[PDB]
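Text of the file start_3.pdb, holding PDB, N, CA and C atoms:
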```pdb
ATOM      1  N   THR A   1      31.631  72.599  45.925
ATOM      2  CA  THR A   1      30.793  71.658  45.175
ATOM      3  C   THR A   1      30.915  70.154  45.560
ATOM      4  N   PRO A   2      32.083  69.643  45.978
ATOM      5  CA  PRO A   2      32.068  68.333  46.645
ATOM      6  C   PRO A   2      31.427  68.422  48.022
ATOM      7  N   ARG A   3      30.395  67.612  48.230
ATOM      8  CA  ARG A   3      29.658  67.574  49.487
ATOM      9  C   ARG A   3      29.792  66.250  50.220
ATOM     10  N   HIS A   4      29.756  65.133  49.498
ATOM     11  CA  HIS A   4      29.847  63.812  50.094
ATOM     12  C   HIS A   4      31.293  63.497  50.476
ATOM     13  N   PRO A   5      31.508  62.777  51.582
ATOM     14  CA  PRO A   5      32.871  62.372  51.957
ATOM     15  C   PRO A   5      33.443  61.224  51.136
ATOM     16  N   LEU A   6      32.703  60.713  50.147
ATOM     17  CA  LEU A   6      33.244  59.701  49.244
ATOM     18  C   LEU A   6      34.380  60.268  48.401
ATOM     19  N   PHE A   7      34.268  61.536  47.996
ATOM     20  CA  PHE A   7      35.354  62.193  47.274
ATOM     21  C   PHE A   7      36.585  62.352  48.158
ATOM     22  N   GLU A   8      36.379  62.649  49.444
ATOM     23  CA  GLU A   8      37.494  62.737  50.380
ATOM     24  C   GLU A   8      38.128  61.373  50.629
ATOM     25  N   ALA A   9      37.324  60.305  50.625
ATOM     26  CA  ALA A   9      37.876  58.959  50.767
ATOM     27  C   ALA A   9      38.677  58.552  49.534
ATOM     28  N   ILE A  10      38.204  58.939  48.345
ATOM     29  CA  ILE A  10      38.947  58.677  47.112
ATOM     30  C   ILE A  10      40.254  59.469  47.093
ATOM     31  N   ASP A  11      40.223  60.713  47.583
ATOM     32  CA  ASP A  11      41.438  61.522  47.651
ATOM     33  C   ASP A  11      42.418  60.979  48.688
ATOM     34  N   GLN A  12      41.904  60.413  49.783
ATOM     35  CA  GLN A  12      42.774  59.787  50.773
ATOM     36  C   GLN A  12      43.370  58.486  50.249
ATOM     37  N   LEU A  13      42.616  57.751  49.426
ATOM     38  CA  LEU A  13      43.152  56.546  48.801
ATOM     39  C   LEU A  13      44.218  56.887  47.765
ATOM     40  N   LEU A  14      44.010  57.957  47.000
ATOM     41  CA  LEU A  14      44.951  58.377  45.972
ATOM     42  C   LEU A  14      46.000  59.354  46.489
ATOM     43  N   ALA A  15      46.057  59.583  47.803
ATOM     44  CA  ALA A  15      47.086  60.462  48.352
ATOM     45  C   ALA A  15      48.453  59.791  48.334
ATOM     46  N   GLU A  16      48.511  58.516  48.714
ATOM     47  CA  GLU A  16      49.739  57.748  48.709
ATOM     48  C   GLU A  16      49.633  56.593  47.721
ATOM     49  N   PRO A  17      50.723  56.234  47.043
ATOM     50  CA  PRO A  17      50.661  55.108  46.103
ATOM     51  C   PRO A  17      50.589  53.774  46.833
ATOM     52  N   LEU A  18      49.680  52.920  46.371
ATOM     53  CA  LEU A  18      49.498  51.589  46.946
ATOM     54  C   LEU A  18      50.632  50.700  46.456
ATOM     55  N   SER A  19      51.641  50.505  47.299
ATOM     56  CA  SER A  19      52.826  49.754  46.919
ATOM     57  C   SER A  19      53.251  48.843  48.059
ATOM     58  N   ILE A  20      53.659  47.626  47.702
ATOM     59  CA  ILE A  20      54.178  46.649  48.651
ATOM     60  C   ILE A  20      55.701  46.680  48.544
ATOM     61  N   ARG A  21      56.206  47.635  47.756
ATOM     62  CA  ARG A  21      57.621  47.694  47.394
ATOM     63  C   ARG A  21      58.511  47.997  48.598
ATOM     64  N   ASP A  22      58.049  48.870  49.499
ATOM     65  CA  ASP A  22      58.873  49.298  50.628
ATOM     66  C   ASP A  22      59.097  48.167  51.626
ATOM     67  N   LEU A  23      58.087  47.316  51.830
ATOM     68  CA  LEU A  23      58.233  46.190  52.748
ATOM     69  C   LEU A  23      59.198  45.148  52.194
ATOM     70  N   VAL A  24      59.142  44.895  50.884
ATOM     71  CA  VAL A  24      60.053  43.934  50.266
ATOM     72  C   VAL A  24      61.478  44.475  50.261
ATOM     73  N   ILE A  25      61.639  45.789  50.065
ATOM     74  CA  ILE A  25      62.969  46.396  50.107
ATOM     75  C   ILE A  25      63.540  46.355  51.524
ATOM     76  N   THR A  26      62.695  46.588  52.536
ATOM     77  CA  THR A  26      63.148  46.522  53.925
ATOM     78  C   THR A  26      63.527  45.099  54.327
ATOM     79  N   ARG A  27      62.722  44.109  53.922
ATOM     80  CA  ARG A  27      63.060  42.715  54.203
ATOM     81  C   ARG A  27      64.299  42.266  53.438
ATOM     82  N   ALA A  28      64.516  42.796  52.230
ATOM     83  CA  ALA A  28      65.724  42.471  51.479
ATOM     84  C   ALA A  28      66.963  43.064  52.135
ATOM     85  N   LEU A  29      66.877  44.315  52.595
ATOM     86  CA  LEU A  29      67.997  44.928  53.302
ATOM     87  C   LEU A  29      68.243  44.289  54.663
ATOM     88  N   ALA A  30      67.225  43.671  55.263
ATOM     89  CA  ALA A  30      67.440  42.949  56.511
ATOM     90  C   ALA A  30      67.960  41.531  56.287
ATOM     91  N   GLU A  31      67.667  40.928  55.133
ATOM     92  CA  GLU A  31      67.971  39.516  54.922
ATOM     93  C   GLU A  31      69.247  39.275  54.119
ATOM     94  N   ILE A  32      69.471  40.042  53.045
ATOM     95  CA  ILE A  32      70.553  39.745  52.108
ATOM     96  C   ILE A  32      71.914  40.037  52.732
ATOM     97  N   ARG A  33      72.024  41.142  53.477
ATOM     98  CA  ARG A  33      73.280  41.478  54.145
ATOM     99  C   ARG A  33      73.613  40.472  55.241
ATOM    100  N   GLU A  34      72.595  40.012  55.974
ATOM    101  CA  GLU A  34      72.802  38.992  56.997
ATOM    102  C   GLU A  34      73.197  37.656  56.375
ATOM    103  N   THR A  35      72.626  37.324  55.213
ATOM    104  CA  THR A  35      72.986  36.081  54.535
ATOM    105  C   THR A  35      74.405  36.141  53.979
ATOM    106  N   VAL A  36      74.815  37.310  53.474
ATOM    107  CA  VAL A  36      76.179  37.496  52.984
ATOM    108  C   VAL A  36      77.182  37.396  54.132
ATOM    109  N   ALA A  37      76.862  38.015  55.276
ATOM    110  CA  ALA A  37      77.737  37.931  56.444
ATOM    111  C   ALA A  37      77.795  36.513  57.001
ATOM    112  N   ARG A  38      76.675  35.785  56.957
ATOM    113  CA  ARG A  38      76.655  34.403  57.426
ATOM    114  C   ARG A  38      77.462  33.491  56.508
ATOM    115  N   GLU A  39      77.378  33.712  55.192
ATOM    116  CA  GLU A  39      78.143  32.899  54.251
ATOM    117  C   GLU A  39      79.637  33.183  54.355
ATOM    118  N   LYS A  40      80.016  34.453  54.529
ATOM    119  CA  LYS A  40      81.429  34.774  54.688
ATOM    120  C   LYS A  40      81.962  34.391  56.064
ATOM    121  N   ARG A  41      81.091  34.254  57.067
ATOM    122  CA  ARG A  41      81.525  33.749  58.362
ATOM    123  C   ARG A  41      81.638  32.230  58.366
TER
END
```

Any chance you could give the structure as C-alpha cells?
Amino acid sequence: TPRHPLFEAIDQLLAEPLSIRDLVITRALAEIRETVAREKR
C-alpha cells in the first residue's frame, strides 16, 4: 500500500536519531584529556 518514495524518505529520516551529541562527546574526549595533560605538564 505505500507507493510513493516519500514514505521511504520519512523512514530513512526516522531510522537514526538526529543528534549532535556524538560529535560533542568526541570533541570532549579529544579536548578535555589533552587539556588535563597539558595542565599537569

*Do you have the atom C of residue 25 (chain A)-atom N of residue 11 (chain A) distance handy?*
27.7 Å

_Taking only chain A into account, list the residues labelled alpha helix (DSSP H) by DSSP (computed from the backbone), as a PyMOL selection string._
chain A and resi 6-13+21-40

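Rounded to one decimal, CA of residue 6 (chain A) and atom N of residue 20 (chain A) lie 23.8 Å from each other.
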